[PDB]
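One structure is given here, and the rest of the page talks about it.
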Amino acid sequence: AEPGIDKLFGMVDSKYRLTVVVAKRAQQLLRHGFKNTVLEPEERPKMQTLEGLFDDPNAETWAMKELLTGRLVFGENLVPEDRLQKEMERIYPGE
Amino acid sequence: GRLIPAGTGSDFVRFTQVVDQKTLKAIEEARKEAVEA
Amino acid sequence: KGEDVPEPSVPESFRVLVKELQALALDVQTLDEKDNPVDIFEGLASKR
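Residue numbers (this note's numbering), protein chains in the order written: chain A, 1 to 95; chain B, 96 to 132; chain C, 133 to 180.
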């Protein structure tokens, strides 16, 4: 199947949170390049084309790899509204 | 045509947020800007 | 562009729906949280 599908189920109380988590996470993960990635150089996803291993364009597949290391944190409340719509832009170039 | 009232469209989950260990320092970005003099 | 897809406006399904009811003389309001009309026809149909 998909990587550690069972383990990634356990991380959340409900099926759907992990879907909301993953997608939302991926959104940021492929908004700010892949500059936000709490996942090290050597543990990044890769392809095989042209005879050359190049990082996987599949945002959705990254966030899953990411959360699987527990490096993220999730909840119903963590930050305010447009008050996050500036923080991630400055720490990771929002251009 | 509205979002469905279920699944990933259930008021229960929906609002779930995600952030990273480093942007977890956004709490200390607003942490040290208050008392003056 | 490689951007992620955005969220969407109202479908003609609904818009055209309202307008049919509209046409039949039944006021069809879409109220917000505190019951204040919301603009499904963003601009366009609102007068002045």
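Beta carbons: idealized from backbone N, C-alpha and C, even for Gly.
Top-ranked residue by Cα proximity to residue i, from the options
i, options, result
"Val150 (chain C)", "C:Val142, C:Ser141, C:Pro143, C:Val160", "C:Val160"
"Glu87 (chain A)", "B:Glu123, B:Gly104, B:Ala129", "B:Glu123"
"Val114 (chain B)", "A:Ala63, A:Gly10, A:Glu42, A:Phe74", "A:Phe74"
"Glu42 (chain A)", "A:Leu72, A:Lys65, A:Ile91", "A:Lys65"
"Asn58 (chain A)", "A:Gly94, A:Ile91, A:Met47", "A:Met47"
"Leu8 (chain A)", "A:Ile91, A:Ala63, A:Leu84, A:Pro93", "A:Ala63"
Beta-carbon proximity list for residue i, same chain, < 6 Å, skipping 5 on both sides
i, result
"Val12 (chain A)", "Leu18"
Same chain, Cβ closer than 7 Å to residue i, neighbours up to 5 away in sequence not counted
i, result
"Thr61 (chain A)", "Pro45"
Straight-line gap, residue i to residue j (C-alpha atoms, nearest Å)
i, j, result
"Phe54 (chain A)", "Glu40 (chain A)", "15 Å"
"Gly70 (chain A)", "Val142 (chain C)", "38 Å"
"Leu67 (chain A)", "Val22 (chain A)", "8 Å"
"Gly102 (chain B)", "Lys120 (chain B)", "32 Å"
"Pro140 (chain C)", "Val130 (chain B)", "44 Å"
"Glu174 (chain C)", "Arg147 (chain C)", "11 Å"
"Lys24 (chain A)", "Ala157 (chain C)", "43 Å"
"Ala125 (chain B)", "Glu152 (chain C)", "52 Å"
"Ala132 (chain B)", "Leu84 (chain A)", "29 Å"
Own chain partners of residue i with C-beta closer than 8 Å, once the 5 adjacent residues on each side are dropped
i, result
"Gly104 (chain B)", "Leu98"
"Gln28 (chain A)", "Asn36, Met88"
"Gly10 (chain A)", "none"
*For the segment 111–130 of chain B, which residues have a beta carbon sitting closer than 9 Å to at least one beta carbon of chain A?*
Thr111, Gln112, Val113, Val114, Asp115, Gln116, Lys117, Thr118, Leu119, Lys120, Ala121, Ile122, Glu124, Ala125
_Against chain B, which members of the segment 155–166 of chain C pass a CB distance test of less than 7 Å?_
none
*In the segment 45–77 of chain A, which residues sit with their C-beta less than 9 Å from some C-beta in chain F, listed in chain order?*
Protein chains in the displayed structure are A, B and C, and chain F is not among them.
*May I ask you to list, following chain order, the residues of the segment 26–39 of chain A that have a beta carbon less than 9 Å from some beta carbon of chain C?*
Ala26, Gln27, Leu30, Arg31
*asked:* At 3 residues or longer, what runs of the beta strand (DSSP E) sit wholly inside the segment 5–93 of chain A?
replied: 72–75
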